[PDB]
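Chains as they are written, first to last, in the authors' numbering: chain A, 972 to 1122, 1133 to 1159, 1168 to 1294; chain B, 810 to 811, 815 to 835, 839 to 845, 857 to 929, 933 to 1122, 1133 to 1159, 1168 to 1424, 1477 to 1617. Just so it is clear, CB atoms sit at the ideal spot from N, CA and C, and this is done for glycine as well. Comments concern the structure below.
Okay, structure coming up:
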């Protein structure tokens, strides 16, 4: 990517051809978690360099979080042309990624917009954030309710997830100023015993926010996180657990295997206990000889979660 | 009305407490000349469309007298009533089943008449806070009846809402209408699919005592929700067009409630509507606001993220007084001069303040006195964000905040910390052979360029609703200016690089004057005199050239052109009370100021780009007007121009001396200036230009050796 904006003519063409071939033969690089950040950073660098007193020397720039450098031409017209040309591949790759796997790329975009460094400069242009918040809109799809109909658009999930994530991250960071896992476990147990949904969600989000900012796995916290919803089987707790699991997967790195193992164990326990689809079968009286006080009535099993 | 006056007067209180004329068949309950006369009188009183008149023409005496009696009763009740439910009682007559079954347009006609009378009544009631509350409640009430089960009820409600929003434009950016309408939209969306065969079609609107009924079939419900889904976008775009900042802040505040977050994983159509309407009504930011042939969303996201994050952070601490810690942290951050700690402390302090039950004046005072110790643009941006959040968050706090801001502004004016700083002189190149080489020393005023914009936005917001903030703005504007046009006393810097904020403040003052708010005819005279006096001050120095770059110059020209037009639009005189004396006294100075401003604008735009440069362009109407004025005033004869020199001398000798510098292609100005300076040489003591108007009594004639006392002038160039 960094050689796509070389000062020469044929170098960028051959780099574009190589990039097209590489992305053609390896489709899974589109939804990776590092390409998008780097390309947004280089786009922001070019946008900042658009107006930087051409007569002033030192056209070099340093890309943050990656050792590289970028040179720019002298005239304004060439710089505007190159930035406008580069501003199209971003949208192309973003729409290509959004077409196939929307959930992972949407979660990555949500995670990108939660860095403290960019918030101060957000009052200025900061073209990367604008590009992200513009590309989020016109590539969305239908939700569960309106996915199968014969002849609407949904954005509430994005905003709700972002707001909850930022709010609870701030709340958990505020407490650390003044061990502490015991308090979280006790609060979760009390909420489960009292059967209260609001405290359930608050404890779940606080626990996952505390876990996401640490240096150790702390297996007891993960085990209690996985064994959480099974004691409050419903759809609201299931939605909260899915949101927390998605945040945990998108936040930390090198944690997929233990989480998958714990989820598989919980699934096997659920299968064994006959708590859901695997429940027992109940018979009902036949109407031909149901003159007794045991009148017939449907008894269908319910499996929402 | 028309017999003791007590007889007519006594009917008013009787009608005040009289019950409604409600009601079984109606007709069962109940001389052509007199019938014709009463029909003529009632048709003259009503003046309806001809169909209603045709319907009336076939009515006997009973229905006509019933209509007349009810019209009189309702008119008297609405005119002399005092209850807060004045005009909404008329819908009670619409819900009667007996009246509907009768073989009706008269009722809606008299409703239109009484609504027009009520609307006319409130147009000049007062400008206090309670009238705003009454109007807000009426507007909220009208919305809930837009989805009535009947047919004509929603039509008349829509017409009334359109009229009310037409005559009171300020209700668009109110802070309660949007929440209620979003809530009712969400209620309808939820009720869209609710098992039609199940009973109880009623619903309760949260945070407002009302109820909504829905039809039976799916098609009618879908049609009504789709129809209602358009007025939302219409009013949202109308509000966004005029005042984007306040409505954007309100939308940001709405999306920060805990109740909706849990259900946000579902549809929750209100949040989707808000986050869809935010996009395609945005505008350009400061960088890309004035260019000749981009879109901005970073501010919204940054503000929302910072607000939520710091609200959560401040809420987390309260689990385990505390204002002392915040004050100490802010003081330490200011002393150490660290920006990150500065912003963190500011946001934490405002988040703590926004969630309390008392004003706590020390916290507000420290919040206002914050940026003045770290004068820059980053702290100014942080302070503006915090002030906007504080204003949008709490209610009933505007007045103390405005007072504290005015006090801080006055202190800044006094301390000479910004635009009001002192003037620094530099060595002249003719005799600068010393080690003190010449170099530009321009004052820098970045932060003062945004505070004026904030003041303009607040004044535009508060022009209609309040009546006390106008006095605060007038007091603030009066104490910054002074009528001391002269040498080195004007309380304002005279450098070229500081012409933006000066003329922006002048334009704000002119806009305040044109707002027609000050009742008396004496404050306006003093304010206008000060405006003109401080406008004439800038032209008392030798001309020079701008030192800033290519940017930060176009908007200055735009501001100058806008101010020139606003100055041109004062033919509003002739009623300031011998008015002719003051009229001509103002007209002459207006003409002179317009000429000087036109010359300055022409010079600056000439300096902008040397070549013609057809690609670059500015506003066309202003340039055409300037060219027309130049063509008009360039044709003056030898007379009516020497008289101008006398007026300039009467204003101030320095302005008269600096007149030929602004070149005029006529030699009479020099002769008149020489004659005036010969008549009185002691009034001027500025050597670099005035000395040559007195020294040469005659170039080569070598006569008249008198009155030449040059033993007092300051040294000049070798």
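query, result
"In chain order, which continuous runs of the beta strand (DSSP E) of length 3 or greater are located wholly inside the region 1542-1568 of chain B?", "none"
"Mind checking residue 1139 (chain B): buried by the 16 CB within 10 Å criterion, or exposed?", "buried"
"Tell me the DSSP secondary structure of residue 1176 (chain B) in three-state form.", "helix"
"Per DSSP, what kind of secondary structure is residue 1040 (chain A) in: helix, strand or coil?", "strand"
"Between which residues of its own chain and residue 1110 (chain B) is the CB-CB distance below 6 Å, once the five residues before and five after are set aside?", "1066 and 1069"
"Closest to residue 1028 (chain A) by C-alpha separation, out of A:1037, A:1014, A:1044 and A:1036, would be which residue?", "A:1044"
"Should residue 913 (chain B) go down as buried or exposed, given a rule of 16 or more other Cβ atoms within 10 Å for buried?", "buried"
"So, does the CB of residue 1293 (chain A) fall closer than 8 Å to a CB anywhere in chain B?", "no"
"Pull up the distance between the alpha-carbon of residue 1152 (chain B) and that of residue 1149 (chain A), whole angstroms please.", "9 Å"
"Rounded to the nearest angstrom, how far is the Cβ of residue 1021 (chain B) from that of residue 1054 (chain B), given a contact under 8 Å?", "6 Å"
"I want to see whether chain B comes within less than 8 Å of residue 1170 (chain A), judged by CB atoms only; does it?", "no"
"Would you identify the three-state DSSP class for residue 1134 (chain A), choosing helix, strand or coil?", "strand"
"Please list, in chain order, the residues of the region 1033-1063 of chain A that have any C-beta partner in chain B closer than 8 Å.", "none"
"Using a C-beta to C-beta distance shorter than 9 Å, which residues of chain A count as neighbours of residue 1116 (chain B)?", "1022, 1095 and 1096"
"Looking at the secondary structure, which residues open and close the alpha helix (DSSP H) in which residue 923 (chain B) lies?", "923-927"
"I'd like to know whether the C-beta atoms of residue 1435 (chain B) and residue 925 (chain B) end up nearer to each other than 8 Å.", "Residue numbering in chain B jumps from 1424 to 1477; residue 1435 (chain B), which lies between, is not modelled."
"Is the Cβ-Cβ distance between residue 1013 (chain A) and residue 1034 (chain A) less than 8 Å?", "yes"
"Taking Cβ positions only, does residue 1091 (chain A) come closer than 8 Å to chain B?", "yes"
"Using a cut-off of 7 Å between C-beta atoms, extract the partners of residue 1159 (chain A) located in chain B.", "1159"
"Looking only at its own chain, which residues have a Cβ that is under 8 Å from the Cβ of residue 1273 (chain A), when we skip the five neighbours before and after it?", "1285, 1286, 1287 and 1288"
"Give me the residue from B:1076, B:1611, B:1340 and B:972 with the minimum Cα distance to residue 1586 (chain B).", "B:1611"
"Are the C-beta of residue 1183 (chain A) and some C-beta of chain B separated by less than 8 Å?", "no"
"Mind checking if residue 1154 (chain B) is an interface residue toward chain D, Cβ cutoff 8 Å exclusive?", "Of the chains in the structure shown, none is chain D; the protein chains are A and B."
"List the endpoints of the continuous alpha helix (DSSP H) containing residue 1350 (chain B).", "1347-1361"
"Within 10 Å of its beta-carbon, does residue 1578 (chain B) have 16 or more other beta-carbons around it, so buried, or fewer, so exposed?", "exposed"
"Mind checking who residue 1033 (chain A) pairs with in its DSSP beta bridge?", "A:1040"
"Measure the alpha-carbon distance for residue 1309 (chain B) versus residue 1318 (chain B) and round it to whole angstroms.", "12 Å"
"So, helix, strand or coil for residue 1149 (chain A), using DSSP?", "helix"
"In the structure shown, what three-state DSSP assignment does residue 1484 (chain B) receive?", "helix"
"Would you please state the rounded distance, in angstroms, between the beta carbons of residue 1155 (chain A) and residue 1155 (chain B)? I believe it to be under 8 Å.", "3 Å"
"Cβ closer than 7 Å: which chain B residues qualify as neighbours of residue 1104 (chain A)?", "1136 and 1140"
"Identify the continuous alpha helix (DSSP H) that holds residue 1060 (chain B) and give its terminal residues.", "1047-1071"
"Mind pulling the chain B residues with CB within less than 7 Å of residue 1113 (chain A)?", "What residue 1113 (chain A) touches in chain B: nothing, since even the nearest Cβ is about 11 Å away."
"State the beta-bridge partners of residue 1532 (chain B) as determined by DSSP.", "Residue 1532 (chain B) is not bridged to any residue."
"Using beta carbons (cut-off 8 Å, strictly below), is residue 1543 (chain B) in contact with chain A?", "no"
"Can you pull the chain A neighbours of residue 1101 (chain B), defined as C-beta to C-beta under 8 Å?", "1134, 1135, 1136 and 1137"
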